[PDB]
Amino acid sequence: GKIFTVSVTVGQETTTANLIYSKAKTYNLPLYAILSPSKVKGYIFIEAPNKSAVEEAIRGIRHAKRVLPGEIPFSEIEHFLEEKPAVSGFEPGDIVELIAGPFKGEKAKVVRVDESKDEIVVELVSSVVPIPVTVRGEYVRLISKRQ
Amino acid sequence: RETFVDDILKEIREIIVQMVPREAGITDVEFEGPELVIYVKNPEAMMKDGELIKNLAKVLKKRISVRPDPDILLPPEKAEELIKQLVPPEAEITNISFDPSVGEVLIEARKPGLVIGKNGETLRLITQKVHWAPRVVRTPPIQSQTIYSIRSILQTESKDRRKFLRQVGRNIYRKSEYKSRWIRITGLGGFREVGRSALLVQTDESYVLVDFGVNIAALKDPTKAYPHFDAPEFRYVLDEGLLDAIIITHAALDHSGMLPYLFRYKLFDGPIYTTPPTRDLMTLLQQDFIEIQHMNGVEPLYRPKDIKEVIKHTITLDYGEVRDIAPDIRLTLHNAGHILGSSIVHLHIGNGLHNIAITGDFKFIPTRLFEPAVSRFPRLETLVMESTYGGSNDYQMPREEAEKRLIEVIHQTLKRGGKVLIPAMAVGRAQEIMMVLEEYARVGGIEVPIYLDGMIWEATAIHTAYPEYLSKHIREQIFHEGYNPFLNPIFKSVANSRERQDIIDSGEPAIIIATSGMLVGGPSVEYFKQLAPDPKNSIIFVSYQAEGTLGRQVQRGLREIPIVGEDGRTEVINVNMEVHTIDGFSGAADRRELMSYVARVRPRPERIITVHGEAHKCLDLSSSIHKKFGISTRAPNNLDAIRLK
Amino acid sequence: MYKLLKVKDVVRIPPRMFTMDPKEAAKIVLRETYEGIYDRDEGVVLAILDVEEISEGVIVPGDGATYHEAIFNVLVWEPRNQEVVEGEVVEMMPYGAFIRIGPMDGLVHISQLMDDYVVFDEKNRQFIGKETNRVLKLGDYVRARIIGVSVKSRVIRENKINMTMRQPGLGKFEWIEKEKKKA
Amino acid sequence: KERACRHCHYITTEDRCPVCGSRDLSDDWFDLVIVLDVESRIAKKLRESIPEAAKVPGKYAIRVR
Amino acid sequence: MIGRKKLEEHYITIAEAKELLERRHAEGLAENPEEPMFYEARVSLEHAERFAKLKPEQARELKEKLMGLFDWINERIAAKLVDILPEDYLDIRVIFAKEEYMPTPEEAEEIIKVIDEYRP
RNA sequence: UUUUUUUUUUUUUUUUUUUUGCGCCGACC
DNA sequence: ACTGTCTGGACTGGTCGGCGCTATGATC
DNA sequence: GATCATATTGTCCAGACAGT
Ligand SMILES: [Zn+2]
Ligand SMILES: [Zn+2]
């Protein structure tokens with residue numbers, strides 16, 4: 001059908017999607033599918049023939065705020081369904097920020113990238129001596145792209 | 001990696017329930033660092049005497065820590081009342097703390113010997129009548145800020161400390177007694193150089209780092225200020241988190257300066273095995289180093305929270321206590337005699353496979369402060385020795401005439417009404433000077449007050465907190481007699497700048513022991529500035545003065561020194577005071593002392609490694625040892641790996 | 001480089017100096033203000049010679065002191081880049097030699113004294129050559145050219161001066177005479 | 001805890017896999033996908049990406065790690 | 001920046017600075033405190049005394065004949081030549097190489113021959 | 001019966017001196 | 001070019017004292 | 001039973017403005 005956006009509480013998109021799915025199953029709502037990417041915070045995607053079905057499905061839930069008044073083209077959310085490694089798309093020599101891990105809130109420079117083990121080796125920029133460290137690909141965020 | 005800690009714990013529990021009578025009621029058996037903890041419901045039957053605990057410790061070859069079950073716990077007020085009633089009034093108990101999570105009561109007393117008992121029977125009596133496992137620590141006669149802060153940090157983070165100890169105990173006993181296929185020794189720093197010491201002990205199962213330190217002389221160059229972080233073995237150990245433990249020989253910046261840096265960037269998460277005096281002194285020195293780097297305007301190496309994390313990850317070991325820090329490595333500490341808490345690291349890898357002794361900084365002659373270094377070991381194959389004074393012509397003067405000259409110079413200065421200013425290190429020579437002065441003044445030689453400014457008072461308090469780590473004479477005076485040499489009324493502490501100004505402006509003679517040997521900071525510079533024009537005063541140098549420092553300028557004989565004034569104009573200091581230099585109070589071992597230690601060590605090591613000194617000095621010491629005793633000697637450079645077995 | 005400048009400035013003279021000569025009080029205030037610091041534009045302020053002209057006082061709100069327009073002569077010393085100086089070695093260091101060329105002391109690096117691999121002698125604080133066998137000691141007439149000037153701060157001692165002796169014609173007076181002997 | 005299958009990317013609360021009967025399930029997964037209609041556009045997009053996904057309506061995971 | 005504005009500036013030799021520093025030392029001695037001046041002024045006076053190659057009047061007369069001799073030179077390098085007092089071609093060559101002009105040997109020889117008089 | 005690589009010396013210590021805001025209500029001149 | 005309409009704003013100074021108010025739902 | 005992210009988006013006077 002048509003892709004619609006539902007604004008939900010940040011960090012609790014999966015539970016809201018599960019409640020919407022259970023309500024649709026129990027009450028026979030005309031809901032086609034629900035997509036809740038982990039990278040997107042506070043927003044979920046629901047496929048329905050019309051926005052009235054989405055509005056009727058999300059009502060009665062404290063954690064579903066409102067439905068965005070618009071229709072998303074499928075090309076915008078097409079890349080979300082494709083499975084790609086988090087390490088891929090990273091090149092050595094640039095600067096990244098570590099969102100999670102033991103090095104939370106630290107800037108680092110990418111040194112080595114390998115897609116086989118899904119790990120990326122980075123060097124802290126604030127360290128007085130270069131100490132390479134191995135961190136997960138999804139933990140880092142690209143601040144700038146140079147070389 | 002694969003672990004078998006559960007099977008080992010099950011076997012240990014089976015052995016315990018086979019040996020311990022059933023009436024004890026054993027509930028839980030777990031590992032807390034390098035010691036075993038057993039929880040029972042009837043402590044009376046478990047420890048009616050020390051023979052059962054001794055037999056259990058001998059059979060299991062572990063440190064047994066019997067604790068009551070948390071369900072059977074007396075109320076804290078009733079427990080405190082019972083503990084106070086049981087302990088004799090001679091032992092003045094100051095603070096009592098309780099741990100609701102695990103059965104343990106911390107007792108702070110001025111006389112821990114009475115609380116512990118003649119053979120530990122008082123601890124058993126307390127934990128039987130009160131159902132609380134007792135831990136006794138000494139309350140120092142002089143209050144120490146660092147020790148109080150460390151104790152408060154340990155008490156306020158009990159849950160994190162217990163979790164860290166449980167993780168360390170699980171990691172240590174991941175497998176049973178394992179015979180290492182090979183033993184490797186690599187030096188990441190401190191090899192053929194002075195400072196930034198770093199020793200890595202590598203086996204096929206566990207890795208051990210020894211005295212991770214920093215260099216202050218070459219702090220401008222990052223390639224020489226810090227140990228070699230680019231070593232492939234060290235990189236592999238740090239990246240995979242295979243570092244089992246870190247052991248610090250003694251509390252100095254060249255042996256413990258780089259320790260908080262690992263915790264700053266979360267490069268390490270295991271335990272640190274130092275003596276409590278070493279831990280306290282190294283925390284004080286690291287805090288002072290961070291403050292100095294902050295004041296100089298440069299970027300600090302780490303933060304005080306990193307020092308707090310180092311405190312939270314430190315396990316305290318006493319002298320002569322054997323603990324298992326790895327599946328194949330056993331660690332014990334022996335007295336070194338260099339400074340307070342200085343320990344010679346002895347590693348027992350395997351079940352008699354090999355033995356390594358890392359002396360570090362040590363002294364082999366008796367001193368006024370500490371006993372000479374331990375030269376007897378149960379087994380010794382490889383010896384790692386310092387070479388600070390390894391030169392052939394390096395011969396420090398004997399102590400007795402050096403202290404006689406110091407005493408006569410001080411007496412001559414005080415005879416004419418002058419003031420004696422003695423710049424000194426925060427730890428080491430300063431306490432020896434205070435002990436010599438106290439001995440001289442105890443017979444009524446001098447009545448003038450002795451003023452300690454800066455870190456001298458804190459170091460003195462830390463020294464008072466651990467009298468068992470001192471020499472036999474001071475131990476006999478403190479324990480057998482009622483006299484404490486550090487508690488002499490002549491020793492006074494100046495609180496603020498007003499007290500220092502009153503001391504300077506006072507016409508009465510006095511002795512001032514500052515905390516900066518090079519007159520590069522602290523109250524030493526102010527004392528020198530305000531006492532230089534007076535010809536009656538004198539300044540005594542007890543340490544080497546580096547080039548480019550004010551102290552070297554005064555020592556060389558400069559009558560006037562141009563300095564920057566408060567208003568931004570050049571100021572001239574007229575040095576009319578007498579200048580003296582007595583370098584006989586150095587805590588480092590002499591070349592003759594090193595040769596005597598090599599000759600008198602038992603058993604004779606198969607090989608000797610000379611480190612911690614200049615390259616030519618290390619080579620000269622190794623060649624002299626090889627020519628005199630025939631033992632094979634090596635003086636490897638940095639990033640050099642030696643396969644001992 | 002010694003320089004003489006005529007400077008016009010407004011001088012504040014406190015009421016405690018009202019009974020004194022206006023020129024003398026202005027000179028005292030100027031000596032207290034400008035003497036002993038480093039000026040970025042003019043260099044080291046050495047001394048205030050005399051006050052030529054003085055104007056009538058002006059009283060501003062909030063201050064009882066009088067303000068006068070004064071004309072005075074200042075003697076200053078300014079080090080410039082690529083400037084040859086003559087001085088005497090006063091301090092010896094392992095990393096170089098300090099030569100007193102005036103109100104400030106320059107620094108000549110160990111590689112910079114001469115065209116030879118000179119090493120330091122700690123026992124006598126002298127520099128001994130390998131091939132030339134030349135020795136530098138205290139109280140030696142030397143000549144050098146300034147190559148580095150730091151004006152980062154107003155403190156004279158905090159500023160640093162670097163000079164060179166690699167170039168021909170720079171060195172000890174005896175060495176200079178030895179060089180002129182061949183020519 | 002909820003774990004996702006490594007074969008059909010199906011999240012189930014029991015050891016048995018009700019789609020392919022696989023015994024290797026991963027406890028770490030992101031980008032939960034809920035399928036209620038087989039002929040959905042996103043279900044068709046997931047079908048060409050992972051062949052075993054979107055066969056039966058239910059919870060699904062984009063990647064398995 | 002000293003003062004509000006600068007009226008005139010002049011380059012003086014070592015001897016003039018020595019005379020001014022001696023006058024300031026006398027003025028400081030006339031003052032009640034025993035310290036005539038600060039460290040830098042005393043050091044400058046000592047250096048000028050130890051390098052007092054010529055009398056102040058001799059320095060001034062050498063400066064004015066140097067000004068009247070050639071036009072491309074200025075007061076600063078004239079005072080520099082007075083202080084250095086060269087006696088051959090190598091020193092004047094190495095002190096004029098980094099300057100804005102590279103004079104031919106004939107005028108350098110003329111400068112040597114005029115400054116040869118009244119020299120120590 | 002066979003092509004296209006290069007080569008050497010100058011920067012020092014184990015460290016230091018005092019409740020803000022928000023709004024309401026009553027009241028005085 | 002007039003004429004009714006929409007929008008923005010400021011609402012006398014000081015003083016006295018009192019009386020509340022400054023987190024919450026969901027795992028681990 | 002302890003912690004952690006998140007927590008929603010009164011009338012009148014004067015100047016500018018569509019309407020005729
Ligand atoms: Zn050391
Ligand atoms: Zn499956």
# chains A, B, ... in the order shown; residues from 1 in each chain; ligands from 1

call {"tool": "residues_around", "arguments": {"residues": "residue D:38", "least_positions_apart": "4", "cutoff": "12 Å", "atoms": "only C-alpha atoms (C1' of nucleotides)", "output": "ChimeraX atom specification"}}
result
/A:31-33 /D:34,42-47,53-58

call {"tool": "residues_around", "arguments": {"residues": "stretch 1-11 of chain D", "least_positions_apart": "2", "cutoff": "12 Å", "atoms": "only C-alpha atoms (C1' of nucleotides)", "output": "JSON, numbers by chain"}}
result
{"A": [83], "D": [13, 14, 15, 16, 17, 18, 19, 20, 21, 22, 23, 24, 25, 26, 27, 28, 29, 30, 31, 32, 33, 34, 35, 46, 47, 49, 50, 51, 52, 53, 54, 55, 56, 57, 58, 59, 60, 61, 62, 63, 64, 65]}

call {"tool": "write_last_selection", "arguments": {"atoms": "N, CA and C atoms", "output": "compact mmCIF listing (two decimals), in the first residue's frame"}}
result
# COMPACT_ATOMS: atom_id res chain seq x y z
N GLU A 83 20.05 -5.32 3.41
CA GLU A 83 20.98 -5.67 4.47
C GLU A 83 22.40 -5.32 4.03
N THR D 13 10.29 -17.06 20.54
CA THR D 13 10.55 -17.13 21.97
C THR D 13 10.87 -18.54 22.46
N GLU D 14 10.93 -19.52 21.56
CA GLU D 14 11.21 -20.90 21.93
C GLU D 14 12.38 -21.42 21.10
N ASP D 15 12.92 -22.56 21.54
CA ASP D 15 14.08 -23.14 20.86
C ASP D 15 13.74 -23.58 19.44
N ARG D 16 12.56 -24.18 19.25
CA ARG D 16 12.17 -24.65 17.93
C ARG D 16 11.86 -23.47 17.01
N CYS D 17 12.22 -23.62 15.74
CA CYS D 17 11.94 -22.60 14.74
C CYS D 17 10.70 -22.99 13.96
N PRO D 18 9.60 -22.23 14.05
CA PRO D 18 8.36 -22.62 13.38
C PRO D 18 8.34 -22.38 11.88
N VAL D 19 9.47 -22.02 11.27
CA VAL D 19 9.55 -21.77 9.83
C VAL D 19 10.43 -22.81 9.15
N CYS D 20 11.70 -22.92 9.56
CA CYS D 20 12.64 -23.85 8.96
C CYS D 20 13.18 -24.89 9.93
N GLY D 21 12.87 -24.80 11.22
CA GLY D 21 13.37 -25.74 12.19
C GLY D 21 14.87 -25.68 12.41
N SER D 22 15.44 -24.48 12.42
CA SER D 22 16.87 -24.30 12.63
C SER D 22 17.18 -24.21 14.12
N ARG D 23 18.32 -24.78 14.50
CA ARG D 23 18.75 -24.81 15.89
C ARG D 23 19.75 -23.72 16.24
N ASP D 24 20.09 -22.85 15.29
CA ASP D 24 21.04 -21.77 15.52
C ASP D 24 20.28 -20.45 15.46
N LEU D 25 20.01 -19.88 16.64
CA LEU D 25 19.30 -18.61 16.75
C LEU D 25 20.21 -17.59 17.41
N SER D 26 20.12 -16.34 16.96
CA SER D 26 20.98 -15.26 17.44
C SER D 26 20.20 -14.35 18.38
N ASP D 27 20.78 -14.06 19.53
CA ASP D 27 20.15 -13.18 20.52
C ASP D 27 20.38 -11.70 20.23
N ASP D 28 21.18 -11.36 19.23
CA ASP D 28 21.48 -9.98 18.89
C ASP D 28 20.98 -9.70 17.48
N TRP D 29 20.07 -8.74 17.35
CA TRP D 29 19.52 -8.36 16.05
C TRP D 29 18.97 -6.95 16.15
N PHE D 30 18.87 -6.29 14.99
CA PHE D 30 18.37 -4.93 14.91
C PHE D 30 17.40 -4.82 13.74
N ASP D 31 16.69 -3.68 13.70
CA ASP D 31 15.75 -3.34 12.64
C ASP D 31 14.66 -4.42 12.50
N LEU D 32 13.86 -4.52 13.56
CA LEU D 32 12.75 -5.47 13.58
C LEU D 32 11.74 -5.12 12.49
N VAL D 33 11.31 -6.13 11.74
CA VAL D 33 10.34 -5.97 10.67
C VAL D 33 9.13 -6.83 11.01
N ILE D 34 7.95 -6.22 11.00
CA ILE D 34 6.69 -6.91 11.28
C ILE D 34 5.94 -7.06 9.97
N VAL D 35 5.62 -8.30 9.61
CA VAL D 35 4.92 -8.62 8.37
C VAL D 35 3.54 -9.15 8.72
N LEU D 46 11.99 -7.49 1.00
CA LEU D 46 12.79 -8.38 1.83
C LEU D 46 12.96 -9.75 1.20
N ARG D 47 11.99 -10.19 0.39
CA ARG D 47 12.08 -11.50 -0.24
C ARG D 47 13.24 -11.57 -1.23
N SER D 49 15.88 -9.72 -1.06
CA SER D 49 17.11 -9.56 -0.30
C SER D 49 17.50 -10.87 0.39
N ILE D 50 16.63 -11.37 1.26
CA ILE D 50 16.80 -12.67 1.91
C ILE D 50 15.72 -13.60 1.35
N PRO D 51 16.09 -14.68 0.67
CA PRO D 51 15.07 -15.57 0.08
C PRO D 51 14.15 -16.22 1.11
N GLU D 52 14.66 -16.52 2.30
CA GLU D 52 13.87 -17.24 3.29
C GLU D 52 12.94 -16.35 4.10
N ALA D 53 13.06 -15.03 3.97
CA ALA D 53 12.23 -14.12 4.75
C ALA D 53 10.86 -13.93 4.09
N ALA D 54 9.92 -13.43 4.89
CA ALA D 54 8.57 -13.06 4.46
C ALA D 54 7.78 -14.24 3.90
N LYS D 55 8.18 -15.47 4.24
CA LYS D 55 7.41 -16.63 3.80
C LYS D 55 6.12 -16.77 4.60
N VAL D 56 6.19 -16.53 5.91
CA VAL D 56 5.03 -16.58 6.79
C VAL D 56 4.93 -15.24 7.52
N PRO D 57 3.75 -14.64 7.62
CA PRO D 57 3.63 -13.35 8.31
C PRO D 57 4.04 -13.46 9.78
N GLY D 58 4.72 -12.42 10.25
CA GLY D 58 5.20 -12.40 11.62
C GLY D 58 6.39 -11.46 11.75
N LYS D 59 7.06 -11.57 12.89
CA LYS D 59 8.22 -10.74 13.16
C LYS D 59 9.41 -11.19 12.32
N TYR D 60 10.23 -10.22 11.92
CA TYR D 60 11.41 -10.50 11.11
C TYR D 60 12.51 -9.52 11.47
N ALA D 61 13.74 -9.90 11.15
CA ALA D 61 14.92 -9.09 11.41
C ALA D 61 15.67 -8.84 10.11
N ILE D 62 16.16 -7.61 9.94
CA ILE D 62 16.87 -7.24 8.72
C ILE D 62 18.21 -7.97 8.65
N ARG D 63 18.97 -7.96 9.75
CA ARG D 63 20.27 -8.60 9.79
C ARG D 63 20.39 -9.44 11.06
N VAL D 64 21.28 -10.42 11.01
CA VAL D 64 21.52 -11.34 12.11
C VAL D 64 22.99 -11.25 12.49
N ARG D 65 23.26 -10.98 13.76
CA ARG D 65 24.63 -10.87 14.25
C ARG D 65 24.74 -11.35 15.69

call {"tool": "select_by_dssp", "arguments": {"residues": "stretch 20-137 of chain A", "states": "strand (DSSP E or B)", "output": "PyMOL selection string"}}
result
chain A and resi 33-36+43-48+64-67+72+95-98+106-114+119-124+132-136

call {"tool": "residues_near_ligand", "arguments": {"ligand": "ligand 1", "cutoff": "9 Å", "atoms": "only C-alpha atoms (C1' of nucleotides) and all ligand atoms", "output": "VMD selection string"}}
result
(chain B and resid 190 194 to 197 213 249 to 255 360 to 361 386 388 588 612 to 613) or (chain F and resid 14)

call {"tool": "select_by_dssp", "arguments": {"residues": "stretch 27-127 of chain A", "states": "alpha helix (DSSP H)", "output": "PyMOL selection string"}}
result
chain A and resi 27+51-58+74-81

call {"tool": "write_last_selection", "arguments": {"atoms": "C-alpha atoms", "output": "PDB file, in the first residue's frame"}}
result
ATOM      1  CA  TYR A  27      -9.176  -6.566  15.940  1.00  0.00           C
ATOM      2  CA  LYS A  51      -3.974   6.946   6.635  1.00  0.00           C
ATOM      3  CA  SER A  52      -7.373   6.418   8.293  1.00  0.00           C
ATOM      4  CA  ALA A  53      -6.420   2.803   9.018  1.00  0.00           C
ATOM      5  CA  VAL A  54      -3.151   3.975  10.594  1.00  0.00           C
ATOM      6  CA  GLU A  55      -5.000   6.564  12.690  1.00  0.00           C
ATOM      7  CA  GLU A  56      -7.485   3.947  13.901  1.00  0.00           C
ATOM      8  CA  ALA A  57      -4.687   1.465  14.640  1.00  0.00           C
ATOM      9  CA  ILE A  58      -2.451   3.831  16.627  1.00  0.00           C
ATOM     10  CA  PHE A  74       9.071   3.541  -1.548  1.00  0.00           C
ATOM     11  CA  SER A  75      12.516   4.569  -2.830  1.00  0.00           C
ATOM     12  CA  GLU A  76      13.123   6.503   0.400  1.00  0.00           C
ATOM     13  CA  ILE A  77      12.678   3.418   2.612  1.00  0.00           C
ATOM     14  CA  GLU A  78      13.992   0.915   0.044  1.00  0.00           C
ATOM     15  CA  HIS A  79      17.550   1.159   1.392  1.00  0.00           C
ATOM     16  CA  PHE A  80      16.341   0.377   4.928  1.00  0.00           C
ATOM     17  CA  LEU A  81      15.150  -3.104   3.940  1.00  0.00           C
TER      18      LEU A  81
END

call {"tool": "residues_around", "arguments": {"residues": "residue A:1", "least_positions_apart": "6", "cutoff": "8 Å", "atoms": "only C-alpha atoms (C1' of nucleotides)", "output": "compact mmCIF listing (two decimals) with N, CA, C and O atoms, in the first residue's frame"}}
result
# COMPACT_ATOMS: atom_id res chain seq x y z
N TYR A 32 -1.06 -3.63 6.45
CA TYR A 32 -0.30 -4.51 5.57
C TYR A 32 1.00 -4.96 6.23
O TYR A 32 1.26 -6.16 6.34
N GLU A 47 2.70 0.30 6.71
CA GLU A 47 2.14 0.22 5.37
C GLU A 47 0.64 -0.06 5.47
O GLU A 47 0.23 -1.08 6.04
N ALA A 48 -0.17 0.84 4.92
CA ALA A 48 -1.62 0.71 4.96
C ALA A 48 -2.19 1.31 3.69
O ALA A 48 -1.56 2.19 3.08
N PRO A 49 -3.37 0.86 3.24
CA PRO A 49 -3.99 1.48 2.06
C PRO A 49 -4.32 2.95 2.24
O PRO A 49 -4.26 3.72 1.27
N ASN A 50 -4.66 3.37 3.46
CA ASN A 50 -5.01 4.76 3.71
C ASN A 50 -4.56 5.14 5.12
O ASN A 50 -4.35 4.28 5.98
N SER D 40 2.79 -7.68 0.80
CA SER D 40 3.21 -6.32 1.12
C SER D 40 4.44 -5.92 0.31
O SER D 40 5.24 -6.77 -0.11
N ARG D 41 4.57 -4.62 0.07
CA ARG D 41 5.70 -4.11 -0.71
C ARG D 41 7.02 -4.35 0.01
O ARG D 41 8.01 -4.78 -0.60

call {"tool": "residues_around", "arguments": {"residues": "residue E:8", "least_positions_apart": "4", "cutoff": "9 Å", "atoms": "only C-alpha atoms (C1' of nucleotides)", "output": "list in words"}}
result
residues 4, 5, 6 and 7 of chain C

call {"tool": "residues_around", "arguments": {"residues": "residue B:407", "least_positions_apart": "6", "cutoff": "12 Å", "atoms": "only C-alpha atoms (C1' of nucleotides)", "output": "number ranges by chain"}}
result
B: 400-401, 413-414, 420, 433-441, 445-446, 511, 540, 582

call {"tool": "decode", "arguments": {"residues": "stretch 39-50 of chain D", "atoms": "N, CA and C atoms", "output": "PDB file, in the first residue's frame"}}
result
ATOM      1  N   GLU D  39       1.780 -10.237   0.547  1.00  0.00           N
ATOM      2  CA  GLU D  39       1.951  -9.452  -0.670  1.00  0.00           C
ATOM      3  C   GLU D  39       2.328  -7.996  -0.401  1.00  0.00           C
ATOM      4  N   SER D  40       2.793  -7.678   0.805  1.00  0.00           N
ATOM      5  CA  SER D  40       3.213  -6.321   1.124  1.00  0.00           C
ATOM      6  C   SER D  40       4.438  -5.925   0.306  1.00  0.00           C
ATOM      7  N   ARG D  41       4.571  -4.617   0.067  1.00  0.00           N
ATOM      8  CA  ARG D  41       5.700  -4.115  -0.711  1.00  0.00           C
ATOM      9  C   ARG D  41       7.023  -4.347   0.011  1.00  0.00           C
ATOM     10  N   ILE D  42       7.069  -4.067   1.316  1.00  0.00           N
ATOM     11  CA  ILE D  42       8.310  -4.272   2.055  1.00  0.00           C
ATOM     12  C   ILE D  42       8.601  -5.759   2.216  1.00  0.00           C
ATOM     13  N   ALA D  43       7.561  -6.595   2.299  1.00  0.00           N
ATOM     14  CA  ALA D  43       7.775  -8.038   2.325  1.00  0.00           C
ATOM     15  C   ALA D  43       8.375  -8.526   1.013  1.00  0.00           C
ATOM     16  N   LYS D  44       7.894  -7.991  -0.113  1.00  0.00           N
ATOM     17  CA  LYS D  44       8.471  -8.336  -1.408  1.00  0.00           C
ATOM     18  C   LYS D  44       9.911  -7.849  -1.517  1.00  0.00           C
ATOM     19  N   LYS D  45      10.196  -6.656  -0.987  1.00  0.00           N
ATOM     20  CA  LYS D  45      11.564  -6.144  -0.995  1.00  0.00           C
ATOM     21  C   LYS D  45      12.487  -7.010  -0.145  1.00  0.00           C
ATOM     22  N   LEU D  46      11.994  -7.492   0.997  1.00  0.00           N
ATOM     23  CA  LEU D  46      12.794  -8.379   1.834  1.00  0.00           C
ATOM     24  C   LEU D  46      12.961  -9.755   1.201  1.00  0.00           C
ATOM     25  N   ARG D  47      11.989 -10.187   0.392  1.00  0.00           N
ATOM     26  CA  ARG D  47      12.078 -11.500  -0.242  1.00  0.00           C
ATOM     27  C   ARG D  47      13.241 -11.570  -1.225  1.00  0.00           C
ATOM     28  N   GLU D  48      13.439 -10.520  -2.027  1.00  0.00           N
ATOM     29  CA  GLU D  48      14.555 -10.516  -2.966  1.00  0.00           C
ATOM     30  C   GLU D  48      15.889 -10.275  -2.273  1.00  0.00           C
ATOM     31  N   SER D  49      15.877  -9.724  -1.059  1.00  0.00           N
ATOM     32  CA  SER D  49      17.112  -9.563  -0.300  1.00  0.00           C
ATOM     33  C   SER D  49      17.497 -10.867   0.390  1.00  0.00           C
ATOM     34  N   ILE D  50      16.629 -11.369   1.258  1.00  0.00           N
ATOM     35  CA  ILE D  50      16.798 -12.666   1.905  1.00  0.00           C
ATOM     36  C   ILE D  50      15.723 -13.596   1.350  1.00  0.00           C
TER      37      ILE D  50
END
